[PDB]
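Before any questions on binding or motion, here is one chain by itself as structure tokens, the form deposited in one PDB entry.
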């Protein structure tokens, strides 16, 4: 994922592509807008990428779950027109978005952090205090334990540890000594197992962390974004011909290993086991992150809810936003009974609160009355068309209500959560709900790690939590919930 340059300007990107790149050389750079800079016929074109919180929208292109999925699509596929060819990624040397980089940091400060949070193989790279321009690799080893500092020299734009090979970037040096560990004169192996954790904080320290991130949130988000290519999971079922029109956005697909598999399908139907949905297990309650129903997937949605024994549905979108259909009406009108294939749904009662509508639905399979169960549909209606809410109170009051309903029903299946593509707002609500569940059970006496939780959820459905404004809103929701304890 080296092709993403987070600190490059427009002019610097053009110069980089003209001096160090050839025809086909590309790079991506960052309000939540991004630019895809491509060298063609000895000239640089700039393609705008927009993300309002739902997906990455390539202008005059396609919609995507991640920027890496966008890059892979056009590198593999005359699909990018204005034909623009994506051939050679121009690699970023800058280490700011790497978990191991720290910048201005002292030896004792690094030692203190490595003693406070680190274990065997924990490492960091910081700017040297004695020799300006030079760097220091500080690594931990043990089970007594010890911290080792290794000098990194910056000679004529290249990096080395005092001998052997010289590297173009600190990223190449780190990757080399990760694969080939340094061995001390007394046989101590300097294994670079994992970067030092710098995001896991105590729930009581949220107020000061948010104060530090408001001075910062973007920087922490990009470090998280730089790890999206670690998740090497197949999305083949969604790409099948017969499953293509079951996806709201053809490129936004579920992971095969966590997708909801629909059983008891129509025998006259070739492929009836598919729905664009994934099971989200926190690593007490589980979730189903899905897209908004299409006219041709309403029957599949009710089959999933039935099969999974789901009693609570969280809708985080209006049916229509900016004149576009974000989800078809998969529920009857109040007091009405409707049949959606083999599934029969009754709308018993609607209750309208300030930020949401609750619909009490009765679900059963046709031909068997005893299969009837109550499904509580929570429909959040006040979420803005673009960006995030100003105050997280409305969402916290909503999720507190969703949690208590789910908790009141014995042996309830996962909480169904959907929006448009089922990755942005869906991700935000699920991550906020997982974190608040920790704080509800353990109070202030618990460690919360916002980026780690997002990466754990993203390993189950790609694109979970789309923007920096959503990332920040998770911290503001968590902080607000802690303030009201």
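Positions refer to the first chain, counted from 1.
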Missing residues, deposited sequence, between residue 82 and residue 83 (class: none, 1 to 3, 4 to 9, 10 or more): 4 to 9
Of the deposited residues between residue 30 and residue 31, the number without coordinates is 4 to 9
Greater mean Cα temperature factor according to the PDB record, 315 to 323 or 180 to 188: 180 to 188
Would you tell me which stretch averages the higher CA B-factor in the PDB entry, 163 to 171 or 273 to 281? 163 to 171
From 118, 369, 238, 414, the top C-alpha temperature factor is at 118
Candidate set 296, 406, 145, 286 [ranked by C-alpha B-factor, highest]: 145
Using only modelled residues of the chain, where does the Cα B factor of residue 25 rank: lowest third, middle third or highest third? middle
For residue 464, return the chain-relative third of its C-alpha B-factor as stated in the PDB record: lowest, middle or highest. lowest
Going by the entry, which third of its chain does the Cα temperature factor of residue 428 land in? lowest
Among modelled residues of the same chain, the CA temperature factor third for residue 375: lowest
Going by the CA temperature factor in the PDB record, which third of the chain does residue 253 belong to: lowest, middle or highest? lowest
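What comes next is about the form solved in complex with a small molecule, which is not displayed.
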Do residue 452 and the small molecule come within 4.5 Å of each other in the deposited complex, heavy atoms counted? yes
Partner contact for residue 98 in the deposited complex: the small molecule, 4.5 angstroms, heavy atom: yes
Against the small molecule in the deposited complex, would residue 223 count as a contact residue? Criterion: heavy atoms within 4.5 Å. yes
Although the small molecule is absent from this view, report whether residue 102 comes within 4.5 Å of it in the deposited complex, heavy atoms only. yes
Which single stretch, out of 359 to 367, 192 to 200, 153 to 161, 341 to 349, brings residue heavy atoms within 4.5 Å of the small molecule in the deposited complex? 192 to 200
Heavy atom within 4.5 Å of the small molecule in the deposited complex: which of 286, 227, 272, 299? 227
